[PDB]
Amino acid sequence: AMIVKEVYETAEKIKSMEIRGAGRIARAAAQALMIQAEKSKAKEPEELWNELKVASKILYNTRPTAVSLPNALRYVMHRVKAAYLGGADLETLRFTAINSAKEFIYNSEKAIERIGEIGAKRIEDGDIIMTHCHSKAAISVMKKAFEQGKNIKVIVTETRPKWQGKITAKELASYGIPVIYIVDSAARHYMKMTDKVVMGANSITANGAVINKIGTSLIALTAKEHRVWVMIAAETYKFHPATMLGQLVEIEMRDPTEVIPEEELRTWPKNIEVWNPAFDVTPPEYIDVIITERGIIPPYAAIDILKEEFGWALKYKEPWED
């Protein structure tokens, strides 16, 4: 019942995309569970457990499509449930919460680094790399390859409606990496000069499909058409365990006003419908590798990642549920 103000604030900021990026929203939800445990006023273990269940729900019900977020909450809450059920007292429960969130947030940082170090080995001197949206994991790859002294260049697609290519362009330029900035429709037109495509992921499924920013699948299609390697930089917590048992991943339909600003859109007639999918599905046949913190896999090995690290939990209900 008694939820801190930071949990609510994190939720509002994830919903609104003030905070965004699959990896970042996951860390932000771990963080919010950390703070709820730190600042809790509860006296019983039962009453902390109840606050953590509710803050978890509040954070789960922000954005559907990126499984990183649910996975972050599970990382904490599996550990919190097993403590509460194993009979821990208040402070042992509170530490379990805080130190689990801390581990996740730390593992997320190290994994993004390691993904960089590993993807970079596939970038050769002189490469022209196309990317899409703004993915920390993809950027960690391009960044490390530059620092290795490879003279790379990155074709950045503006990525409508939310324009996150701008973020990517300025970030890459800031490290000294030259950028070619283009609208999304130019991807095919520039694929003939591209050597590598490198993008992120919000969720990766049992059969190896990659759910990522709207337009990703298009870029992968023409990449394949041209024999340009498509490389998906993604952490193991981007892999989606409900899919092993048949679950389809919800594609988030965001507000039409992101596409057409409110002032303008109110003047349009009723029989125009603005549709704003935030993600699309890229089939595994159009992906050459997925680069996780544990190494290069072909996308069809997504099921191995899911088996060895998440399978166990699918016989149990969700670790924030009553």
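The first residue of the sequence shown is number 1, and the count goes up from there.
Averaged over Cα atoms, the B-factor as recorded in the entry is higher for 256-264 than for the other of 281-289 and 256-264. Comparing 97-105 with 245-253, the higher mean C-alpha B-factor in the PDB entry belongs to 97-105. Ranking 198, 179, 187, 85 by Cα temperature factor from the entry places 85 first. The deposited CA B-factor of residue 311 belongs to the highest third of values across its chain. Ranked by Cα temperature factor within the chain, residue 78 sits in the highest third according to the deposited record.
Per-chain ranking of the deposited C-alpha B factor places residue 174 in the middle third.
In the deposited entry, the Cα temperature factor of residue 160 places it in the lowest third of its chain's modelled residues. Placement of the Cα temperature factor of residue 122 within the chain: middle third of the modelled residues, per the deposited record.
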